[PDB]
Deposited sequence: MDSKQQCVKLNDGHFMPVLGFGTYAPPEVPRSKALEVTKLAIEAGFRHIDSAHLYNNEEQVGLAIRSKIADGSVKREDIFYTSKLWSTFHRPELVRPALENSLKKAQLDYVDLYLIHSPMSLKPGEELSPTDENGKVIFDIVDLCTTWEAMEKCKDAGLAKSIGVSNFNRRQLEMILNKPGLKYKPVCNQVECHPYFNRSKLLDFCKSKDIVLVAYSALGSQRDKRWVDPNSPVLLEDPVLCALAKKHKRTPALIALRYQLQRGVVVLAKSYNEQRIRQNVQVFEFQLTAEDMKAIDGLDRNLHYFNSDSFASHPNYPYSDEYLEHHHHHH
């Protein structure tokens, strides 16, 4: 099941989130991406920052080599890190990701964040670079066939308007990948994006990995919310399946990270049931402006 992007390419609506903290051995990324493909995931989300493009690439290549999937069936996303915003560092950063994953192209290449950082992963230091020139440098990557589609991540409406109003724009972003879950449902930004034929893609849709680095151990646990639990019991699914289903029904493409074999196979059940309009309204009622990640921390 895919959504048609504003450049005519197709994005599967359920994506596999690949970030794991650095204590997790790099071999697990290879193993779990194999299991995600086996389970039916076809959209795989990575980034230069994640230090796993070699192993996620190896997984995709492994499953093409054995005839499980064709390259054209996989939608692979990477992201341009903030130390590479300067327009001349963009095409080289993408070629580096392609070398690492040994792929010929990415289906999607994102500006990871609107912040720019001193060229060199977090030097300790910022750097004024015009996100609109960072964008023309992405656009060429699409012209060059190295990214089928281009988009952004962690942009608000103003920062999207900066690219959409750019004089001489050739390619709109196809998406804006942002934190998005029932405690922070982004309903205004989503309406804006819909009006511009920009797909919102939700990350931390399951409430985040609650990593000590960024997540206050006191903060509410999304998947223990009594609404998502009441809906889980009502449908005989799980709160994580209700959280994912919610996004699919409001026209959001959703990511789901899991490094656990049963949970990876469970997540693909999101396509087996639907939420009623009253169910959707109850989840809508959860909105509380809770950010599990704050780029101001990292």
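Of the deposited sequence, positions 1-5, 126-127, 132-137, 312-331 lack any modelled C-alpha atom.
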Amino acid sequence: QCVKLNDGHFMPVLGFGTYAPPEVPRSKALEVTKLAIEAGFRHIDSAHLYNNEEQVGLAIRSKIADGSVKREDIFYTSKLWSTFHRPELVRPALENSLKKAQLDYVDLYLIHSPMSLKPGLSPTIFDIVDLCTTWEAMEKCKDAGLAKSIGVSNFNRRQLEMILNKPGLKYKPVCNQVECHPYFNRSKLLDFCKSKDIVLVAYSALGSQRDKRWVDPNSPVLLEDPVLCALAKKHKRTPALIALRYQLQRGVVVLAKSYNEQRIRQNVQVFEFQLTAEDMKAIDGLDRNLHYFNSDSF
From here on, numbers count along this sequence of modelled residues.
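Take the two forms, find the largest set of C-alpha atoms that superpose within 1.5 Å, and that set is the rigid core.
Core superposition of the other structures onto this form places the C-alphas of 213-221 farther off in 9 other deposited structures of this protein than those of the other stretch among 105-113 and 213-221. Taking the PDB entry as given, 131-139 carries the higher mean Cα B factor of the two stretches 131-139 and 97-105. For the pair 35-43 and 233-241, the mean Cα B-factor is higher in 233-241. For the set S149, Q177, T77, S122, the maximum C-alpha B-factor listed in the entry falls on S122. Among the modelled residues of its chain, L14 has a C-alpha B-factor that falls in the lowest third according to the deposited record. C193 sits in the middle third of its chain by CA B factor, as recorded in the PDB entry. Among all modelled residues in this chain, the alpha-carbon of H85 has a temperature factor (C-alpha) in the highest third. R250: CA B factor lies in the middle third for its chain, per the PDB record. In the deposited entry, the Cα temperature factor of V199 sits in the bottom third of values across the chain's modelled residues.
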